Each structure stands twice: as C-alpha cells, then as structure tokens.
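Written below as structure tokens is the structure these notes are about.
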4 protein chains.
Amino acid sequence: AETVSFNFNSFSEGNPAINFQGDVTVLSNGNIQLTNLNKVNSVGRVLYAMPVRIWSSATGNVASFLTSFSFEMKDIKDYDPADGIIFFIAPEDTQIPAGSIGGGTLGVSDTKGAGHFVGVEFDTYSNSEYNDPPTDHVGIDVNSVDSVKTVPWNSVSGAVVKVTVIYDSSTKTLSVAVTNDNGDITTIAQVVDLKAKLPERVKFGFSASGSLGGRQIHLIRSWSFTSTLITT
Amino acid sequence: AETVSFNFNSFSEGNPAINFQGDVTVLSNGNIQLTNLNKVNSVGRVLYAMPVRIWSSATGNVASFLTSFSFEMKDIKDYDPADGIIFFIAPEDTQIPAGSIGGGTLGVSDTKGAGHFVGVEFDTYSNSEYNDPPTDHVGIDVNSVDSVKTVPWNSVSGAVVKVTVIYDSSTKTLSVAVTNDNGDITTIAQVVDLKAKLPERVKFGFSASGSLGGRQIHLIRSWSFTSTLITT
Amino acid sequence: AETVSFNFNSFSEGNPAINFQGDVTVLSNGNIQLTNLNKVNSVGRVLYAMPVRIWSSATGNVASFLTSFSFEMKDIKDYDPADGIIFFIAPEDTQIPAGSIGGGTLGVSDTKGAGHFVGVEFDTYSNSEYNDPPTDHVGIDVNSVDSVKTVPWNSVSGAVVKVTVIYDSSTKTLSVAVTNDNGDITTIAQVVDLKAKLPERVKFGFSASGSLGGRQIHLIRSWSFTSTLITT
Amino acid sequence: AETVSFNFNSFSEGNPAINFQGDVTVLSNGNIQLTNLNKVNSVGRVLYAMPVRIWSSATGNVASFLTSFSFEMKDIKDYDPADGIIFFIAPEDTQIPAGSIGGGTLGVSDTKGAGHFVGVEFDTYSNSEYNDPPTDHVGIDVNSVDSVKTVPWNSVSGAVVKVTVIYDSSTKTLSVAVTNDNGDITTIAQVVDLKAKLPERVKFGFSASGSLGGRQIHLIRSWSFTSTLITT
Ligand SMILES: OC[C@H]1O[C@@H](O[C@H]2[C@H](O)[C@@H](O)[C@@H](O)O[C@@H]2CO)[C@H](O)[C@@H](O)[C@H]1O
Ligand SMILES: OC[C@H]1O[C@@H](O[C@H]2[C@H](O)[C@@H](O)[C@@H](O)O[C@@H]2CO)[C@H](O)[C@@H](O)[C@H]1O
Ligand SMILES: OC[C@H]1O[C@@H](O[C@H]2[C@H](O)[C@@H](O)[C@@H](O)O[C@@H]2CO)[C@H](O)[C@@H](O)[C@H]1O
Ligand SMILES: OC[C@H]1O[C@@H](O[C@H]2[C@H](O)[C@@H](O)[C@@H](O)O[C@@H]2CO)[C@H](O)[C@@H](O)[C@H]1O
Ligand SMILES: [Ca+2]
Ligand SMILES: [Ca+2]
Ligand SMILES: [Ca+2]
Ligand SMILES: [Ca+2]
Ligand SMILES: [Mn+2]
Ligand SMILES: [Mn+2]
Ligand SMILES: [Mn+2]
Ligand SMILES: [Mn+2]
C-alpha cells in the first residue's frame, strides 16, 4: 500500500514541507498563527507541501486516513471572536480565493460561500448568509461553508482543543472527535465520497479568517497525519 | 453533559477501577497479559470496573465515545499464534461464558459464537465455524464472533499496535483506525445502534483467548477513554 | 502512576458514577440538593460511586489529590439556616449512621459526634455539644464533628462558594482554600495521616443535614477531582 | 480584610500591571515567553507590578493566598531542554542578579545559587553544583536554588501544565499541586515562614533562564491570584 505519514509537534517558517499562504506567521514557540490581528479581512492558511493521492483512478480505491491536531483560539480585546478554523482538503494547486473577504468564508470559499474543498470547520461566529447554526459549531463542509452537517460546539478562549479525524475509505465515512478543554468530547460523522468531490491529488491544511470587526487568535499547535491507499 | 473519562498508561493489580476475569495477569512493566500460556482454552478479560451509561431511557440519547489503546501479540515457540484480542462492550453483569472453550470465541461468546456484546476484534486465526476471512483481520462484532464486517489485517509478532475508535451517537457510526508498526493504517467502520443492541449500563474491556494448540502472548499496554452523553 | 480523575459540571440522576444516600435529589438545573426541606433531621449524601485506593499496604504509599468544588447554601423561610455541608473521605462501606439525628452530626457521625471519616466541614450552626466555634466556620474533621481545627468563616445565603483542597501525601498535609462571594479567601491546613485513619480503599463525597427547626438549601454545583498514587 | 486579586488569561507588553525584566517577550497570542532562544545565558522574568503586603509589622499577621497558573515548556532543535521556570516571591525591588549566568540559577540566584526569594521551581536540568535531584523536578526554594525540598517530576515538551498553589498563613504551609498533561498530579508542600524570610511588601512573578547549550521555550499562559491579609 501507499502510505503518507508525517508528524509536527512544532512548526518553523522556512520548513519546505509546508506551504504558507496569506497572513500566516510562525511564533517563536512553534505555533502557527493563521490570521494577523491587525489586518482587515485577514486570511491565513497552511498546507502540507506534498500533495497526497487520496484515490487511484486505476483501481477506483479511495484512501483511508487518520489525522489528529490541536489548536487554540483566543479572544482579543474589543473584537468579536471570529470566524474560526477549518481543516480542509483541496486540489493541489489551491490558493486563497482571489479578493477573499475572509470572515465567514474561512479563507476557502468565494463570497457566495462556494469553493473546491472538503473540510471540518470549527466555526465561532454565526453567518446567516451561509445558513450557520445560531451557536459555535463544528461542521462538515463539502465545496461550501454552508455545512452539509453541523453539531453544536463551544469555543473556549485560550483553551487547547484536540481533534481526531478518521476517514474510512470503505464506508466513505468521515468522523471527527473533538476533545474540549473540560474533557467532554463532541463528535460528528458524515459520509463523503472523496473521489467524487476531489481530484486524485490533494493537499491538506488549515485555514482561518477574520473580518473588520471579527478577529481572534487562531493557532495550530501540532498535527500528525497518516493516509494509506490500497494500490491492488 | 455526562462524561466518563479515564487514562491507563500502565496497570497495577489492586486498582479498584479495573476488574479482572479469568487468566489475566499484571506484568511488572505495567502491561496486562490476557491469557495464561500454560492453560488449555485460556480466557482473560479486563474491564473498566465502573458501568458506563451509554444511553438514557429518559432522553433516548446515546453517548458518543472516543477511545484509543495499544496492544501487543507475540508468538511463543510451538503454539499456533491465536486467537486474538477483542475490545468489547457488554451488559454490566458480563462474565466469561460458562464452560467457555476459548479459542475462536475470543472469550466473549458461546460455542456457536453467540453472546451479548459489541466489539472490535483483532483476530489472528481463521475459524471456519464462525465464517472468518482466510487471513488475520479486524472485525466489528455484534452479539456474535461471526463478524458483521471484516477488513484484511496483519498481526505482526512483537509489534506494538495503536488503535483509535470513535463512536458518533448521531450517526451511530463506529469507526476504527488501526496503526500498524510499519506506519500503515487500517480502517473499518460500521453503523451499530448501541441503544438497540445494549442496555443503558454497560462495561468496556478487552478479552483474549487460546485453545490447546492455539496460544500466544496477548498484551494490553495502555488505554484511554472518553464518553460524553447529552443529558438535555 | 495510578490516577483516578473525574469532573462534574452538573449532575443527573442515573449516572452510575454517583451514589446517592438519604434525601439527595437532582434539580433540573443539574445541581444536587442534599437535604429535603420537608423532612425532620434530613440527611442527604452523594459519593463518587467508585472506591479510590488512597494508600497501598504493599508499598506503604499514600496518594496525593486535588479536588475543587462549588456549593451554595440558601436560607428558607422561617427555618434556622442550619447546620451545614461536609466534604468527606470514608471507608467504602460508608453509610449514613443508623438512627442519624442529622443536625450537627452533618450526616457523618453518631449522636456523640463520633464517626469513621476525615472531612472538611462548612458549618453554619453552632452546636455546643460538639464544641463548635461561636460562629460559622470551616473545620477539619477526623472521626468527629468536634473539629480538630477551625477557622472563622461566614456563610452567605445564595452565595456560590468555590473550594480548593490539596492533599500532599509526602507531608500528609491537607490544605483548603475557600473563595467567598466577596472575593476574599479563607484557608485552613492540617496534617492528617490518611493511612493511619482510613482503610486502603475509601469513598469521597458530600453530606449535609438539618434538624426539625434547622433547615436550609444545600446545593452542590460542581466537583472536579484527581488523585495519583505512586505504584512504584 | 486586605485582599489583592488579579487574573490574566493573556498578557501584553504595555500593560502597566506587569513589569518585564530581562529577555521577556509577549507573543501575539498573549503568551509570555521568558527566555530568548537566540541569546546565551538568557534570563527573563515577569512580575505583578503592584507590590503585595504579605505580612504586617503592626499586627504581626501574615496573608494567606491562593494562586494558580499554567505554563508550557517545549524543546527546540539541538539545545538541551533547560533549565526551567520558577514562580517566585521576592522583595519589591528585586532585580535580575548582577552579571547573572542564567542556567541553573533560574534567573533568581547568584552563581553560588543564593538569593533573596521564596519560590516553587519547575526544574528541567540537573545542576549538581546546586545539588539538584537526578531527574526533572519540582522544588520549594528558600533563598537558594538548592531546594529545601524536591519531588520527582517530568517536564513534557509542548504540554500545557496547570499549577495550583495554596499558602496557609496559620500553619505557614505552602502546598503545590501540579496537574500534568496526562492527568497525573504531583504535589509538594513545605512549611515556610514568609514573615521571617521576606519583607512586608513583596512582588510575585515568574522567572526562567537558559545557558549556552541549554535552551528551551518557556511560556506563561495564564495566572490568577488572590491574597487575603487579616487586618485585625
Ligand atoms: O462580527 C464579526 C463578523 O463580521 C462580519 O462582517 C462585519 C464587519 O466585521 C463589520 O466591520 C461591518 O463591516 O459589518 C460586517 C457585516 O456584518 C463578517 O461577515 C462575519 O464573518 C464575522 O467576522
Ligand atoms: O491452532 C489454533 C486453533 O486451535 C483450534 O482448536 C484446535 C486445538 O488447538 C487442537 O489441539 C485440536 O483439538 O483441534 C482443535 C480444532 O481445530 C481452535 O478452535 C481455534 O480457535 C484456534 O485456536
Ligand atoms: O436551630 C437549628 C439547630 O437545631 C438543633 O435542634 C433543635 C431543633 O431544631 C428544635 O426543633 C428542638 O427540637 O430543639 C433542638 C435542640 O436544640 C440542632 O441540634 C442543631 O444542629 C441546629 O440544626
Ligand atoms: O546543557 C544545559 C546545561 O548547560 C550548563 O552549561 C553548559 C553550557 O550550556 C555549555 O555551553 C558549556 O559551556 O558547558 C556548560 C557546563 O555544563 C548549565 O550550567 C546548566 O544549567 C544547563 O543549562
Ligand atoms: Ca461562520
Ligand atoms: Ca478466529
Ligand atoms: Ca454545627
Ligand atoms: Ca537545575
Ligand atoms: Mn458554519
Ligand atoms: Mn474473526
Ligand atoms: Mn463545626
Ligand atoms: Mn532544582
């Protein structure tokens, strides 16, 4: 089988194994800070530089993957804690949408909320334009920030959140387990045909954004990942 | 919310949080050995002593849970490396089946391979009487060792295996991510309505067994667990 | 290490992790109400259902623990706001003393004030028969409600009180930090050898009581706890 | 009573409430990074700007206090993870020792390891010149980094540690509870006469240092404090 595996307990600007897009910046503590607190409509994204083959066009097999990462979102004086973080999968040539307004687009979609990607969003602001639930939530996104499915969640400022994601190729099931600071877990699963939605080779990464009045600290602390594609 | 969470990096006899059934033994390194290498049809089971309420008859809600554990199976001279380990969920009054023949029953079912439990098996011997695939495998079991679903797997002697399981109550999806020593991951997912198959109060644990000719070292090295039930 | 850890931000009847004894009742808001305002000499106790091994006779080791909890006492019309709440540790077979008169015994001692337990009381009535200080007070109790040591305190009706207790096994020191509604803190420390006073396995819990004329609302709002025993 | 209370969920340079000394720096995420990874023998300290009266020469009373804080230490490529962080109490005019060599001095003692301060150290390097234990450890220091008492500990890279400290004026006991990432707790308590070792007006703060070959990330994430002095 074809396996791609990597582990990051801290990051560094200059590490070729990672693509930095937008306002992303690396702190002296190794944390990746996605958005710039001073910029309006800030958008920052980080992608694993090596594209991953999530499915074979020859066998029709989709890859199974296991990934876990930890992030932290914190409030900053006088700004609404917005808009959130999104773990996404997109075509290998993905870039921040031209003229991105940040905000509820989470840095992965156009103004209508459309884009080419599959991801798990940790949404901390309710955008009625994208049919967001009234509270903070974790959502499964398929080519749109208008979630296919969401579950109520609570974003605690300064809290380190651990997330585990399992994608089972056979069932095409995407399940997420979120471990909040207080020990409680929040889960959400959704069948998503990766081969029908994305190209053979994709890139994995994170993205976050802010608006003029909505800004907060978005940090990726660590990230381990393993994908296995059966080639037979 | 109602959360039960525990983390075992090592075990020690005398700990009231752990119930031992059968040929279980605690090694000095803190590892648990499930079967006795000198006994015919050995069965060993370890359970979290406290019953967990996976669903509420009052709200009809089912709990979501996230658990990861690591184990090791090592061949011993002369015996067939069998029969494996099973991570199961059973009624709180669960006991080793009376007159258990061990072997392919994995210590959780009767001779016909039937019993009251839901589990994830790491089967290393092909029992045709229970329709086992021809190779080592991982399987989702529901009241039977005749798996509802299996996925080809490989048990490497002396290899430390890491497993992560997510049960999403909303979708009733049980997903398993197995990480082999060589970095490759194996996944298997299955929709299982815990509320329909199990009583409100259950116990979680591991069971291993052998036969006269089938014997091998079965080790549980660690186990972390978190279940969250919505009480409103 | 052998660690037992739990966290309760709210409670609900049916959670097997909790044992109720006496007139305990769970409110719709998730709070636990210890006594029944309509019963004479009411006594209500809640205990963590799983026995904890605070010390090993095999190693002579004693565990250290950190626990924090919040409670509230509210006066009711024209009953005496009596008699208080007590956080205690007792043998796992602990039951409300037979023929308990409640009142000043706080639900853990006999009529003479004797019992088998260690605890921290938040006393709101002064029982001369138990040598209570003339005012409300926090006290360290060892097998008796005739506190080994007390510190003046003031129970404010309707006020939420936060408590932090640290037990350092090495020095056998039990220190308590009580944070009042107004912001001030009250502390009390006392060396207590748990190994000498209690058996290896015990239970932690809260007890409250009243009498015929002494009754009030005793509420347990939250409770987090962690103990670690060195097994080596 | 005279009570001083403050709570920081994030810090920032320019906040008059805090004094910065040495190589301290405030990351955009609100975290305080005590040492400079690029400087040899780096020392950074942070203090609550306002001196706190711990004892009174008039009444002879000593204040009790409750304080908890969280920090994080993480390794950096090719540098020994040293030397650690220390929560200290010192005269209101306390300064980084003249000609400090950082390293095992933790930025509070001279070359011989002497200084005017009381503190709890989270020591990650074994300096035999100060009689350190052979492993990472937590220690109570009184005017010397030659801890009056230490307890075995383990500094996990990238893990967020929570510390709770209670000082009971009555028994003059200083007990510390350290909650590790894996949930285990470590405690240490020592009787310390603040009145005899420190002036009436003191300053609380954190200090960390490194050497040429010894460097690591030292972050202070949050800090709440409450001291109450009985003025009668
Ligand atoms: O409050 C945060 C949200 O802001 C929305 O945009 C605001 C913008 O921040 C404000 O300055 C003004 O222009 O009104 C806009 C419309 O609400 C974002 O659209 C939303 O995503 C949040 O970031
Ligand atoms: O070889 C391992 C398998 O043994 C099977 O039982 C054998 C037994 O070991 C042998 O001594 C003889 O009695 O024949 C039995 C039937 O094949 C178990 O049934 C199977 O589960 C494996 O353990
Ligand atoms: O007033 C509260 C105290 O009452 C004492 O008991 C009283 C009882 O309430 C009253 O009805 C009558 O029977 O006299 C008793 C003796 O004083 C309790 O002993 C004390 O603990 C408080 O609850
Ligand atoms: O390795 C960390 C320890 O370093 C010790 O100092 C070293 C110094 O880092 C190195 O450059 C060379 O000069 O040898 C010194 C002697 O060991 C510190 O004394 C110790 O506290 C640690 O930081
Ligand atoms: Ca949104
Ligand atoms: Ca089998
Ligand atoms: Ca009393
Ligand atoms: Ca040192
Ligand atoms: Mn959304
Ligand atoms: Mn099988
Ligand atoms: Mn009393
Ligand atoms: Mn030291």
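If you go along the chain as it appears here, the first residue is 1 and each next one adds 1.
Quick check of the header: X-ray crystallography, 2.4 Å.
Even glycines carry a Cβ here, placed using N, Cα and C.
Under the DSSP three-state reduction, C:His137 (Mn(2+) binding site) is assigned to strand. Per Swiss-Prot, Mn(2+) binding site is recorded for C:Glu121, C:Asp123, C:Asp132, C:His137.
Summarising the annotation, Swiss-Prot assigns Ca(2+) binding site to C:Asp123, C:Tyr125, C:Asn127, C:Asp132. According to its DSSP assignment, C:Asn127 (Ca(2+) binding site) is coil. Residue density at C:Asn127 (Ca(2+) binding site): 20 other Cβ atoms are found within 10 A of its Cβ, drawing on all protein chains shown.
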Pairwise CA distance, C:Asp132 (Mn(2+) binding site) versus C:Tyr125 (Ca(2+) binding site), rounded so that it is a whole Å: 8
Per-residue Cβ crowding (10 Å cut-off), top of binding-site residues C:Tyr125, C:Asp132: C:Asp132
Fewest other C-beta atoms within 10 angstroms, as judged across C:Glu121, C:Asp123, which are the binding-site residues: C:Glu121
Binding-site residues whose CB lies under 6 angstroms from ligand 3, from C:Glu121, C:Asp123, C:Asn127, C:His137: C:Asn127
Nearest-integer angstrom distance between the alpha carbons (Cα) of C:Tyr125 (Ca(2+) binding site) and C:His137 (Mn(2+) binding site): 9
Separation of alpha carbons, C:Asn127 (Ca(2+) binding site) and C:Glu121 (Mn(2+) binding site) (Å): 13
Environment of C:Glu121, C:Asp123, C:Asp132, C:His137, the listed Mn(2+) site - residues of the same chain whose CB lies within 8 A of the CB centroid: C:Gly84, C:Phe122, C:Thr124, C:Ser126, C:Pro133, C:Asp136, C:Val138, C:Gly139, C:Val145, C:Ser147, C:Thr150, C:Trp153
Other residues, Cβ within 8 Å of C:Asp123, C:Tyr125, C:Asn127, C:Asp132 Cβ centroid (Ca(2+) site): C:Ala82, C:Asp83, C:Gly84, C:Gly104, C:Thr124, C:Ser126, C:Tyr130, C:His137, C:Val145
Three-state secondary structure, C:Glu121 (Mn(2+) binding site) (per DSSP): strand
Distance-selected binding-site residues near ligand 11 (C-beta under 6 Å), from C:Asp123, C:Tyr125, C:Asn127, C:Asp132: C:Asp123, C:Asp132
Chain-internal residues, separated by at least six, CB under 8 A from C:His137 (Mn(2+) binding site): C:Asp123, C:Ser147, C:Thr150, C:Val151, C:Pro152, C:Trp153
